[PDB]
K.L.:
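This is the structure, below, for whatever I ask next.
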Amino acid sequence: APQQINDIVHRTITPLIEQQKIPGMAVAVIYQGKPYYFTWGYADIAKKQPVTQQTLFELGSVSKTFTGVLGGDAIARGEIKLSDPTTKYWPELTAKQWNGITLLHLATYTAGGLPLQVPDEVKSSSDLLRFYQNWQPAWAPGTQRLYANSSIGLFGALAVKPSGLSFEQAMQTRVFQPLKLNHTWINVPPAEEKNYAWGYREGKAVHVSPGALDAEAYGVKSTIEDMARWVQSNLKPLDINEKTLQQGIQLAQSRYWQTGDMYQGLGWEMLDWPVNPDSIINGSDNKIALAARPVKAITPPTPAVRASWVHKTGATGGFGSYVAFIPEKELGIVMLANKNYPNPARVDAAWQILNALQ
Ligand SMILES: *C(=O)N1C[C@H](NOS(=O)(=O)O)CC[C@H]1C(=O)NNC(=O)[C@@H]1CCCNC1
Ligand SMILES: [Cl-]
Ligand SMILES: [Zn+2]
């Protein structure tokens with residue numbers, strides 16, 4: 001890599017690892033469209049297995065970017081419209097509070113207070129129906145954003161219904177395979193388990209547990225190489241030969257709602273570039289990011305703005321991830337770690353690196 005990249009990465013990430021006690025980490029810096037890879041530490045401490053460019057990390061909520069793009073691809077195929085009522089795809093949702101809740105609302109956390117998590121007690125399809133049938137909104141649709149796995153999770157599950165494919169099969173066929181993300185998995189196959197890092201929480205090696213709508217909201221695992229290619233694909237959608245996927249990427253970066261200086265996409269979130277770094281750093285703290293906030297509709301949604309900071313955080317019990325990119329500058333970063341450490345520390349390090357390289 002260019003010396004300036006090596007220098008800023010060492011001076012930013014090695015101290016972050018020191019400060020946060022991260023056992024293993026992989027970083028990709030995309031500079032002038034090209035990824036440069038860096039790794040530190042161990043994927044499995046007790047086995048002394050190093051992190052490599054083939055190590056799989058849990059992406060946590062970064063998974064939502066795949067879900068958003070898959071939904072955008074379904075829009076571009078004409079299979080769904082964001083204005084469609086939820087009940088078109090799940091007519092058994094007969095409870096009256098669902099009148100007026102659209103796929104847009106589900107995708108963008110604006111349905112009116114769907115909860116952060118689907119309850120752990122939901123183990124079956126009938127359990128899931130009962131959960132949504134009994135949920136009572138705190139707000140009218142399209143007025144407040146409350147980040148929620150139960151919201152975008154349902155969006156993803158319904159968005160694939162016209163295809164006749166399972167969520168996993170749709171994701172593999174329509175997103176992972178065309179983009180050659182051949183080491184990205186909703187379910188890690190047995191032959192790939194050897195590359196699956198352990199997450200570390202309070203000294204214990206952990207992997208994320210199964211849960212309802214996990215694949216859609218927080219369940220993807222990937223390598224630093226595949227995540228760099230994901231960033232490249234989102235930086236340069238016109239390089240994608242499959243038109244529906246090119247357009248799905250663009251639709252996931254359209255601006256559907258605004259709160260403060262942040263715009264909600266499909267999975268992705270965006271701010272105008274140049275960004276105020278304190279707003280992205282501070283806004284990533286879970287006390288802020290997970291609070292309910294009023295939104296202003298953008299109608300029609302703003303088509304993807306090249307001069308944007310586009311990003312997403314994610315975590316599981318044992319992992320912490322962050323992706324950010326700036327299309328106009330062909331500049332991006334992926335940070336994958338096998339400890340869950342605070343979001344503001346991730347975002348601050350990412351901005352120090354990208355700011356140094358602009
Ligand atoms: C995504 O990783 N999230 C959603 C939310 N934080 O948003 S973000 O990561 O800061 O962007 C809460 C934490 C995290 C998440 O929900 N991960 N999955 C889990 O926490 C649980 C594991 C087991 C029980 N249900 C989900
Ligand atoms: Cl130094
Ligand atoms: Zn040093």
Side-chain angles (χ1 to χ4, degrees), residues 5-19 25 38 40 57-68 107-109 114-120 122 127-128 131 145-156 186 199 206-208 210-222 227 262 264-271 280-286 288-293 310-324 334-350 352-353 356:
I5 300 179
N6 284 341
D7 285 347
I8 193 63
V9 169
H10 167 78
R11 289 188 284 106
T12 306
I13 303 295
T14 297
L16 177 67
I17 290 171
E18 292 170 347
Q19 293 148 17
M25 189 151 189
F38 299 84
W40 298 252
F57 292 81
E58 295 174 1
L59 301 182
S61 288
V62 171
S63 299
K64 293 182 177 79
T65 69
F66 293 100
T67 304
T108 60
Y109 325 118
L114 280 168
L116 177 61
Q117 303 296 350
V118 180
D120 287 343
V122 172
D127 290 344
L128 193 71
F131 163 63
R145 177 186 181 275
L146 176 71
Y147 185 103
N149 294 340
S150 74
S151 188
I152 194 178
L154 184 59
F155 170 72
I186 288 161
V206 298
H207 280 160
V208 68
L213 305 176
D214 54 3
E216 289 87 350
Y218 58 82
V220 177
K221 298 92 199 186
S222 187
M227 290 303 294
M262 176 263 272
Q264 184 63 54
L266 310 177
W268 294 113
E269 299 163 18
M270 296 80 59
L271 299 88
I280 51 169
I281 295 166
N282 298 337
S284 76
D285 189 292
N286 283 328
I288 290 186
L290 304 180
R293 310 177 66 184
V310 187
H311 72 161
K312 189 70 186 81
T313 50
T316 60
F319 291 81
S321 62
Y322 184 59
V323 178
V334 181
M335 298 165 63
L336 306 177
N338 65 349
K339 180 181 186 307
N340 180 4
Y341 65 103
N343 283 336
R346 315 186 196 165
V347 179
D348 171 83
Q352 289 302 327
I353 292 162

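We count ligands from 1, going down the list as the structure has it; atoms in each ligand are counted the same way. All residue numbers in this chain count up from 1 along the given sequence.
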K.L.:
Side chain, backbone, both or neither: which applies to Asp214 and ligand 1 if a contact is any heavy-atom pair less than 4.0 Å apart?
P.N.:
neither

K.L.:
If you look at every heavy atom in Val206 and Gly317, which pair is closest and at what distance?
P.N.:
CG2-C, 4.4 Å

K.L.:
For residues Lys64 and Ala217, report the shortest heavy-atom separation together with the two atoms involved.
P.N.:
NZ-O, 3.2 Å

K.L.:
Does some non-hydrogen atom of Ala315 fall short of 4.0 Å from ligand 1?
P.N.:
yes

K.L.:
Using side chain to side chain contact (heavy atoms under 4.5 Å, CB included) as the criterion, point out the one residue from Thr14, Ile13, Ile5 that pairs with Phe38.
P.N.:
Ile5

K.L.:
On a heavy-atom basis, which atom in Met227 and which in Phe66 lie closest, and how many Å separate them?
P.N.:
SD-CZ, 4.0 Å

K.L.:
Heavy-atom contacts with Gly60 under 4.0 Å: which atoms of ligand 1 show up? List them by number with element.
P.N.:
2 (O)

K.L.:
Out of all atoms in ligand 1, which are within 4.0 Å of some heavy atom of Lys312? Include the element for each.
P.N.:
11 (O)

K.L.:
Tell me the contacting part of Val118 for ligand 1: side chain, backbone, both, or neither, using a 4.0 Å heavy-atom threshold, strictly below.
P.N.:
neither

K.L.:
Counting only heavy atoms closer than 4.0 Å, does ligand 1 sit against the backbone of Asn343, its side chain, both, or neither?
P.N.:
side chain

K.L.:
Of the choices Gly318, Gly314, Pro119, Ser284, which has the non-hydrogen atom that lies closest to atom 9 (O) of ligand 1?
P.N.:
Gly314

K.L.:
Could you name all protein N, O or S atoms found under 2.8 Å from the Zn ion (ligand 3)?
P.N.:
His10 NE2

K.L.:
Which heavy-atom pair separates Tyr147 from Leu116 by the least distance, and what is that distance?
P.N.:
O-CD1, 3.7 Å

K.L.:
Is there a donor-acceptor contact under 3.5 Å linking the side chains of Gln352 and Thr12?
P.N.:
no

K.L.:
Taking the side chain from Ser63 and the backbone from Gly60, do they hold a donor-acceptor pair closer than 3.5 Å?
P.N.:
yes

K.L.:
Between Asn149 and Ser61, which heavy-atom pair has the shortest distance, and what is it?
P.N.:
OD1-OG, 4.3 Å

K.L.:
Compute the shortest N/O to N/O distance between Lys64 and ligand 1 and return yes if it is under 3.5 Å, no if not.
P.N.:
no

K.L.:
For ligand 1 and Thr316, I'd like to know whether there is a polar contact (N/O to N/O, distance under 3.5 Å).
P.N.:
no

K.L.:
Can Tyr322 and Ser284 be counted as having a side-chain donor-acceptor contact under 3.5 angstrom?
P.N.:
no

K.L.:
Looking at every non-hydrogen atom in both residues, tell me the closest pair between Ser222 and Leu336 and how far apart they are.
P.N.:
O-CD1, 4.2 Å

